[PDB]
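Trainee: this one's sequence-less:
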């Protein structure tokens, strides 16, 4: 087994497309180390967990980080990740763009995590509207009360500049669907 090719595959998996290997990353970007070893074995069978730990320890640019049984990339992500687990308290309203077909379903049951464990929202209207415009047309803007989410037991985390991620958005926190 060669280290460099496995390291490039690790970077590709943990940075850009982890969903392609059946890997649901958390809010910080970590995945199960055993699950990552299982995913890496599907391409390089000669890969073990000790080899992955060696790659993480001897990486010259510090691309990887391991906490207990979880492993993540430290930078270069193509999808929103909340490094440092930095939480957002100074926000009173968040925004989310969604197609009109899902409008009654959302208004009835709120935003659900579905594929990933979390849900992406934005502190900006333009960003939410364009993100929803990528998932089809007839896009409406859901305004979300942030203090509702916090008082209902959901902490808002900073993933990008104007990107936030929560676990769920109950229908009670959706204040308006323009």
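Mentor: On my side now, so go ahead. Residues are numbered from 1 along each chain as shown.
Trainee: how many other residues sit next to residue 162?
Mentor: Neighbourhood size, residue 162 [other Cβ atoms under 10 Å]: 16. Bear in mind the C-beta positions are built from the backbone N, C-alpha and C, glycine included.
Trainee: test my guess that it contacts residue 125.
Mentor: No. Counting by Cβ atoms under 8 Å, residue 162 sits too far from residue 125 to count as a contact (9.9 Å).
Trainee: break this structure down into its domains, please.
Mentor: Annotated domains of the chain cover 3-78, 89-177 [automatic domain parsing].
Trainee: list the contacts for residue 88?
Mentor: Residue 88 makes contacts with 123, 146, 156-158, 164, as judged by Cβ atoms under 8 Å, 6 or more residues apart in numbering.
Trainee: backbone dihedrals for it, please?
Mentor: According to degrees, to the nearest 10, the main-chain angles of residue 88 amount to phi -110, psi 110.
Trainee: i'd like the first residue to be 3 from this point on
Mentor: Shifting the count to begin at 3 puts that one at residue 90.
Trainee: with adjacent residues omitted, what lies nearest to it?
Mentor: residue 158 (4.2 Å; Cβ to Cβ, 6 or more residues apart in numbering).
Trainee: ok, now residue 49?
Mentor: Nearest one to residue 49, counting by Cβ to Cβ, 6+ apart, is residue 42 at 4.6 Å.
Trainee: before we move on, which element is the one you found in?
Mentor: Residue 42 belongs to helix 35-43 when assigned by DSSP states H and E.
Trainee: for that helix, buried residues please.
Mentor: Within helix 35-43, the residues scored as buried using 16 or more other Cβ atoms under 10 Å are 35, 37-39, 41-42.
Trainee: nearest to residue 28, of the contacts of residue 90?
Mentor: Nearest to residue 28 among the contacts of residue 90: residue 159, at 10.4 Å, using Cβ to Cβ.
Trainee: wait, isn't the closest one in contact with residue 91?
Mentor: No. Applying Cβ under 8 Å as the test, residue 159 and residue 91 come out as separate, 10.6 Å apart.
Trainee: these two - which one has more neighbours?
Mentor: Taking neighbours as other Cβ under 10 Å, residue 159 and residue 91 compare with residue 159 leading, 22 against 9.
Trainee: so that one bridges to which residues?
Mentor: residue 89, residue 167 (DSSP bridges).
Trainee: residues contacting it?
Mentor: Applying Cβ under 8 Å, 6+ apart, the residues contacting residue 159 are 29, 84, 87-90, 166-168.
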